[PDB]
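Colleague: output the structure for:
(chains A, B, C, D, E, F, G, H and I)
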Amino acid sequence: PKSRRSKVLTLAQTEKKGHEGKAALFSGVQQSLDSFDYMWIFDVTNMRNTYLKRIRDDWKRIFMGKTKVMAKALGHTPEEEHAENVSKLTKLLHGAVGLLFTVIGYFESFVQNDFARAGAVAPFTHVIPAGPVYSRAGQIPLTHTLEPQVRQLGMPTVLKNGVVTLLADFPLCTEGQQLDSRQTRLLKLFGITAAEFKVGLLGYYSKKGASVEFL
Amino acid sequence: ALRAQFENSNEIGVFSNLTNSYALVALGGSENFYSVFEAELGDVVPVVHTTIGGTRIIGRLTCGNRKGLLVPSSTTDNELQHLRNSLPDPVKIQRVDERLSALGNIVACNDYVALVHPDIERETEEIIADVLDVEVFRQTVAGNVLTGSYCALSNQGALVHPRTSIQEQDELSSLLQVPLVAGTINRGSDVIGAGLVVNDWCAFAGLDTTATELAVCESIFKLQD
Amino acid sequence: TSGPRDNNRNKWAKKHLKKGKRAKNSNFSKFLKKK
Amino acid sequence: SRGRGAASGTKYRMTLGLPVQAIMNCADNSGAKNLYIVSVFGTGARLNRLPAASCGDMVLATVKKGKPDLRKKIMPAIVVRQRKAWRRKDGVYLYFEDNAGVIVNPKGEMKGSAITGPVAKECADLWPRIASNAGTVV
Amino acid sequence: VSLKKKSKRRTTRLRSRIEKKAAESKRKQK
Amino acid sequence: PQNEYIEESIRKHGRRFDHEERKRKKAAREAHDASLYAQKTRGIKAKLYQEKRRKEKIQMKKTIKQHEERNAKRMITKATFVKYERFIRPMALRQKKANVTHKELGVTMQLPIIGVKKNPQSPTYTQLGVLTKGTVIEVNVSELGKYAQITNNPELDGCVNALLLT
RNA sequence: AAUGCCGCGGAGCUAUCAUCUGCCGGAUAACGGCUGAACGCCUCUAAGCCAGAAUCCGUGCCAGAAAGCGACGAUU
RNA sequence: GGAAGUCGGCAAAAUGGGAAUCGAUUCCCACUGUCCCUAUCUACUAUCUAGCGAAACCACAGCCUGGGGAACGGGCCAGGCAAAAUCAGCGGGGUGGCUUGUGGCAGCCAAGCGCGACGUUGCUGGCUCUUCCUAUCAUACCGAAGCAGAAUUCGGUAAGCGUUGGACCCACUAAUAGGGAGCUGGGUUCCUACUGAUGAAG
RNA sequence: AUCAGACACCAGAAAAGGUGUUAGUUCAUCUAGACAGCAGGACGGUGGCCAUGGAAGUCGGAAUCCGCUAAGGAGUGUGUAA
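Modeller: Numbering: from 1, shown residues only, chains lettered A, B, ... in the order given. Below you will find the coordinate block:
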């Protein structure tokens, strides 16, 4: 009756709040602004949820909601903004940045390694030996039982005699080159910890000082 | 002891005849049979790709030994001339004016002694003794007249029916001066001659011959060395 | 069994005509043609 | 599979002279005397055409006269001799003076042991077992 | 060419029978 | 080959090289394939396709509904039951057991017909025992004697399905 | 001797009772794909394309419009 | 080869005959163109010719397809078509747009408008003949299936080509698929068409 | 429309199917960035408990709770003996 794309559906029963969620995030942003101190600006990064939970553990709360939603709730104009001189702070407020309550030394120094993501550049030129696959690139003192990985890899490999074997060596990563999705997915099965979580503490919206520096 | 099939048939004795001086293979089918025979006897004795009377049962139509060869009456002049040209000079060929045309079925002959169909003609018996230079004896095998088809002969061993008795076994061995064993070829087929062709130093049987049967033929023919 | 109208039978018949199996007809024609 | 079962070679077209209902002589030493033709293998769909056999053809046979235990089986039979004259492909015309045949299993090795009388070479070539156990092959 | 399996033109009994039984259908639904 | 030999082959040698992408493509284009089938096919195959698509469509609408609120010759031509018998009553058309369905209990019991009282279409058929639509027949109710009315036509349906008068 | 009877009997006729002969080019259907939108993904289809059945159309074979025709020869 | 034909030894050949059961039937042997499977030979007719020379029948005639409410017909409608004169054969011509593959009773829902759809649960006539259709038994090519191979099941396109021999039975066969539009048995007491043959004429 | 329509209450099939097209009616989010697309997160108590050779959300039996949120369902499917 009409050439239109089909919209499949499932039985998840986990529908989101949408506008209600945005309103709740705005209310939480206002509460975080009204919170006591420590005036942090850091919400998330390429790090995993486990890293975010670990960071939140050293606090008594990291929360930003949708990016620029809290900035819109606060307001670019100082009259709408709860803080002072927030006109310049709103422009700097981009990406995943949020407040917390618990610090500076841990954020500056403690940067746990994590699996890399696409778009960045690999720290070196990772290569994979030919023949049977190596789980840890020779660091395992490495089972070859990843038979389903032979079908799900797409690399030049053939499942011979129940063991995934690569006909020729394939360089997974190259130094100075942007990481693609295929390279990132291939490196996910290996130990490529090319990441370093960071935080931003340029300024602090103190109750008395009210000096949000841009250092 | 080797296993071979002419075309897709277990009967190689019917389609070929083997002696201690030459080999004969059927013509017009697949030469894979000729190829197999040449692979084991090409450097020893000549192999002739021949037919007898425009027919491929040359094994059961012609009987011979290391000395001479016999052909039936129905053998054409061209084929007889072909056989003479192919075979070497020290081998003689003879036409037989025998009523029983199937020479390979009525005569089982080794290099020294031959046992023949009981009702063979006297003139046939005399020319057999003249050409083959063997002692000829009229007797039946397990009460069965077709000696050439129901018994296989070599210089050092021979086989007969499993239906023969022990006293018949002893009498046949005594009259042939060669060890004789009651056995079967091609997995229970009692046509030993049709399923087996043997010279004094090698043996050919059908591919359907059992391992036990091959061991029996090897044991009687002393072909391990 | 496939007939003569078979497209396969036509195809390998064409393959026979594409090779030396018809070259015995070319030189055959050339012999009378020259003489 | 019975139709061309263990033939070890194709047969040339031969004059048919033994149709069904034919009565014909047993040629082996198994003990049977006479055979009655019931059907012939490899006959297609020809309207009103009486099924017929030639030398070396395999037929369904009933032992009309013979040993009782040889009977009560519709047994395959190989027509080895035929009275009707037929053209051998080399050109000569042949005809044996009686119609003879042998009792054989479907595989192609007979129950008999020795054939009394002449054997057509066409029969002996499609059936190496008959050739192996034949006495005179013409 | 018609290019059909069934003719698009109808017989006079058939066309008359529609007005015969279409009216009865309205009578039945009434 | 023993037991699960093919996945032993799958385990040892892998699956066919193009299987995953071919099945992905086939599943993707199945949406167009179903519509092409619906618009091209004719006859019985179209009609069974129509009925099965209606069934599945109503079925998927119901489960998405269930997903919703959970989230929230003088012879007798009629079958008979056993001078006056001038006509011929065939024993073939004759019947002896009927499926009587209780009204309150809602259970159908196959019981023999004790007798027939009267046929509303024709009282003459009552003497012959001809069972017609609406005919009154009495059957034993010990396992449940009570009367009942025929709820169908024995001549057409063949099976005498009746509703108990209770 | 109304073909007296019998044997052989050329020629002719004839017998799957005898012998010979029975072939290749396109377009498709089921179906398998390429590119590719519609619908920023996908997709054999919508525009196009490829392979593809003893199928359809031709070639071949038979007839030759007796109201279809051309070339050539002679022309009282 | 020897009743395999036919409802069946009708008719011929054996010269008709041997044994059983109640002249009939059956059986075994015997015979044969009833048959496989038709071929050949002779006479007459038919053919042409010379002579003679009718009759039945006759509103008028003469192509087919679809329609003409019916009765579809040859005349009417719309088409295919359509070329003199003839010869010999053979006999053809003298009632739903129905219907199909999925049973009857009761209850529960309930997209919706007291009904209420699908579901869901409760119980007992045969012998030969031209052509067409596909709704395909086999052959060709495909898809699916514990489809390892072989063999096989189901389904799709497909009607080009085949779909037998004997008394539901038993064989063969790749298969023995289903239907539409000259003859005989047991059971109740002129013209036109088709096919060949000439034939005036730009 | 690879078997269109000229049909004539379109009444027998008729109840309906279609990723064919054009119009509408009623509800949805949307420069606080809409749908889609690519990048990533899609977690940790926890392999919750019976159930078992082997079942870790996904052979199978009731849910199906929580720390974090911007969100990670005692889990939508594939898959793995696990």
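
Colleague: which residues of chain F lie near RNA strand I?
Modeller: Taking CB under 7 Å from any atom of the strand as the contact definition, chain F meets RNA strand I at F:7, F:10-11, F:31-32, F:34-36, F:38-40, F:47, F:49-51, F:53-54, F:57. In short, each C-beta sits where N, CA and C put it, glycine included.

Colleague: and with 10 Å instead?
Modeller: Contact residues (CB under 10 Å from any atom of the strand) of chain F with RNA strand I: F:4, F:7-8, F:10-11, F:15, F:20, F:23, F:28-42, F:46-58, F:61, F:70.

Colleague: any of those residues buried? List them.
Modeller: Among the residues of chain F next to RNA strand I, none counts as buried by neighbour count (16 or more other CB atoms under 10 Å in any protein chain shown).

Colleague: the helix or strand harbouring residue B:170 and chain D in contact?
Modeller: Using DSSP states H and E, residue B:170 maps to helix B:166-176. No: Helix B:166-176 stays clear of chain D (CB under 8 Å from any CB of the partner chain), getting no nearer than 15.8 Å.

Colleague: and that helix, which residues are buried?
Modeller: Within helix B:166-176, the residues scored as buried using 16+ other CB under 10 Å are B:168, B:169, B:172, B:176.

Colleague: who's the nearest residue to the third one once chain neighbours are set aside bridged to?
Modeller: Read that as residue B:172. Using CB to CB, 6 or more residues apart in numbering or on different chains and skipping residues adjacent in sequence, the residue nearest residue B:172 is residue B:180, 5.6 Å away. Assessed by DSSP bridges, residue B:180 has beta-bridge partners residue B:158.

Colleague: wait, what's in contact with residue B:180?
Modeller: By CB atoms under 8 Å, 6 or more residues apart in numbering or on different chains, the residues touching residue B:180 are B:157, B:158, B:159, B:160, B:169, B:172, B:173, B:220.

Colleague: what's around the first one, how many residues?
Modeller: When counting by other CB atoms under 10 Å in any protein chain shown, one arrives at 23 neighbours for residue B:157.

Colleague: what parts of chain E come near RNA strand I?
Modeller: Residues of chain E lying near RNA strand I (CB under 10 Å from any atom of the strand): E:1-12, E:14-19, E:21-26, E:28-29.

Colleague: among those, which are in helices?
Modeller: Counting by DSSP state H, those place E:12, E:14-19, E:21-26, E:28-29 in helices.

Colleague: closest to residue B:132 among these?
Modeller: Closest to residue B:132 out of those is residue E:14 (98.9 Å), distances taken as CB to CB.

Colleague: just want the most central residue of chain D.
Modeller: Geometric centre of chain D, nearest residue: residue D:79, 1.4 Å, by CA atoms, centre = their mean.

Colleague: identify the farthest-apart pair in the ones in helices among the residues of chain E next to RNA strand I.
Modeller: Using CB to CB, these span at most 26.8 Å, a distance reached by E:12 and E:29.

Colleague: toward the C-terminus, what is the element adjacent to whichever helix or strand residue A:87 is part of?
Modeller: Residue A:87 belongs to helix A:86-92 when assigned by DSSP H and E. Next along the chain after helix A:86-92, taking DSSP H and E as the criterion, comes helix A:104-109.

Colleague: and that following helix, what's buried?
Modeller: In terms of neighbour count (16+ other CB under 10 Å), helix A:104-109 has its buried residues at residue A:107.

Colleague: could you do stretch D:54-66 as well?
Modeller: D:54, D:55, D:56, D:57, D:58, D:59, D:60, D:61, D:62, D:63, D:66.

Colleague: from these, which is closest to residue F:148?
Modeller: Each of the buried residues of stretch D:54-66 was checked against residue F:148 using CB to CB; the closest is residue D:60, at 64.4 Å.

Colleague: any idea how far that closest one lies from RNA strand I?
Modeller: Using CB to the nearest atom of the strand, to the nearest Å, we find residue D:60 at a distance of 47 Å from RNA strand I.

Colleague: pretty sure that residue belongs to a strand, no?
Modeller: Yes: checked against DSSP: H, G, I helix; E, B strand; the rest coil, residue D:60 lies within a strand.

Colleague: so it sits against residue D:38, correct?
Modeller: Yes: in this structure, residue D:60 is within contact of residue D:38 by CB atoms under 8 Å, at 4.1 Å.

Colleague: next, show the common contact partners of these two.
Modeller: residue D:74.

Colleague: quick revisit: and which of the ones in helices among the residues of chain E next to RNA strand I is nearest residue B:54?
Modeller: residue E:14 (76.9 Å).

Colleague: neighbours around the closest one, how many?
Modeller: 9.

Colleague: state the distance from it to residue E:20.
Modeller: As defined by CB to CB, to the nearest Å, residue E:14 lies at a distance of 10 Å from residue E:20.

Colleague: same deal with residue A:214?
Modeller: 93 Å.

Colleague: run through the helices of chain A in chain order.
Modeller: So, for chain A - with DSSP H - the helices run A:19-33, A:49-57, A:69-74, A:86-92, A:104-109, A:147-153, A:181-188.

Colleague: and these, which is most packed in?
Modeller: Looking across these with neighbours counted as mean count of other CB atoms under 10 Å in any protein chain shown, the highest average goes to helix A:69-74: a mean of 19.

Colleague: so is it next to RNA strand I?
Modeller: Yes: residues of helix A:69-74 are located near RNA strand I by CB under 10 Å from any atom of the strand, namely A:69, A:70, A:71, A:72, A:73.

Colleague: sweet, I'm off.
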